[PDB]
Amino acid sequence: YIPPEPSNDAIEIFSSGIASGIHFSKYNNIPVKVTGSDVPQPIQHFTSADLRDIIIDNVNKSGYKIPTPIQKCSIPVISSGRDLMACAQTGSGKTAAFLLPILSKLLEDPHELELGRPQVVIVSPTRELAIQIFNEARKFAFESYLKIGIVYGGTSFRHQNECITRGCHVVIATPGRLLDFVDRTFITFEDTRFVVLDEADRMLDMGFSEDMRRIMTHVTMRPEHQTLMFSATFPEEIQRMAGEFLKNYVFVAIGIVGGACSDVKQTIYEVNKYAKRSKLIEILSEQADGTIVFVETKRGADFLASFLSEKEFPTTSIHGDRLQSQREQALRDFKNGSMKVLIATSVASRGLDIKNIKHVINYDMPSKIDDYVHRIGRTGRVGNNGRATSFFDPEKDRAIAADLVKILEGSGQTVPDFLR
């Protein structure tokens, strides 16, 4: 496919991001928990966290005034050479929480850039999230000698291998296409001093564990390396599995682990399978701009997108059955307003940061409450408000009624009797 190359104009490099909301201040009212031995103190300002000036400059140009709770706790820990497990609600700044200190460390204590040997490997559960992280990295490393780069499936192995063999300090990647570059020995980890697993709980779950074990357990892995794990959810059982790959690690949690973001007004409707589509148009007809509808299957996303567009709703979709180029273009169109409605499977439930997403609709409830938390988290980020509407079907979503209630109470939302 050969995806479009990223521009270098500071106007584009800094076009990605959401402006802090009116509730930004509410962040410090959130309880903080830290566990571990001699954990460095939390920094209170970007200009007092031992960050290289280049980095701080890019932060100011990115529009940040105050670090968020996880950034305050995470930055000093990473800067200290410590391993980290960080939990913080969706849209609360976790990406910068690990890029700033890592990027800063690359300039502060430089090592020669070898070929096919990255100094930082950041892994992602989805392709679009990989490129998003990739662009934030370019944003924070803007106007420096640092070379980023990204590797992910659905693209021509040649154009990526190309960009990489020019040498990259930081490599963002999805598991599959990385194990490919690795089994073909074009990529090796002798110089990898930072291994970051974004959406870590997902990277370590049944789906990805084997591939993830192989990556981190590779015979080529530099014995001395920091391992950082971040996520808005982290089931205890997965936190135990993570520990095997962490050394004397610090644990930080802002708020309730796996807790939903309190800035998203959540509403749950009791709808039956065949009553869902009219309800959807009912809602979209009332207001359709900036809405993402989450469905259960790939075929379902495509069917619904086609339906909606035949009814005068500028709609596009994203899921695994579309060409990688269509997946990227669909996000493009949603970001610049071309498309007003985005239909998606959980391929877009985690980490995506889209300014236009003003409403999240769970057309189909997910089977796991954690997936619910990430999905509604695509809205109401950075202290801003947001709404999430979910269609609860008694015919099949009884199993998640219990966890949904807890998440609802836990985020200060109202619980409808039918869930009880």
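So that there is no doubt, residue numbering starts at 1 and follows the sequence shown.
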{"item": "142-150 versus 128-136 - which carries the larger mean C-alpha B factor in the record", "value": "142-150"}
{"item": "24-32 versus 348-356 - greater average Cα B-factor per the deposited record", "value": "24-32"}
{"item": "C-alpha B-factor winner, where the candidates are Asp321, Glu236, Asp201, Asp183", "value": "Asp183"}
{"item": "Peak C-alpha temperature factor (PDB record), options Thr68, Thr47, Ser367, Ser390", "value": "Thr47"}
{"item": "Assigned third (lowest, middle, highest) for the C-alpha B factor of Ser156", "value": "highest"}
{"item": "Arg52 by Cα B-factor - lowest, middle or highest third of the modelled chain", "value": "highest"}
{"item": "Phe334, C-alpha B-factor rank within chain (lowest, middle or highest third)", "value": "middle"}
{"item": "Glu270 - which third its CA temperature factor falls in, relative to the rest of the chain", "value": "highest"}
{"item": "CA B-factor placement of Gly377, once the chain's modelled residues are sorted into thirds", "value": "lowest"}
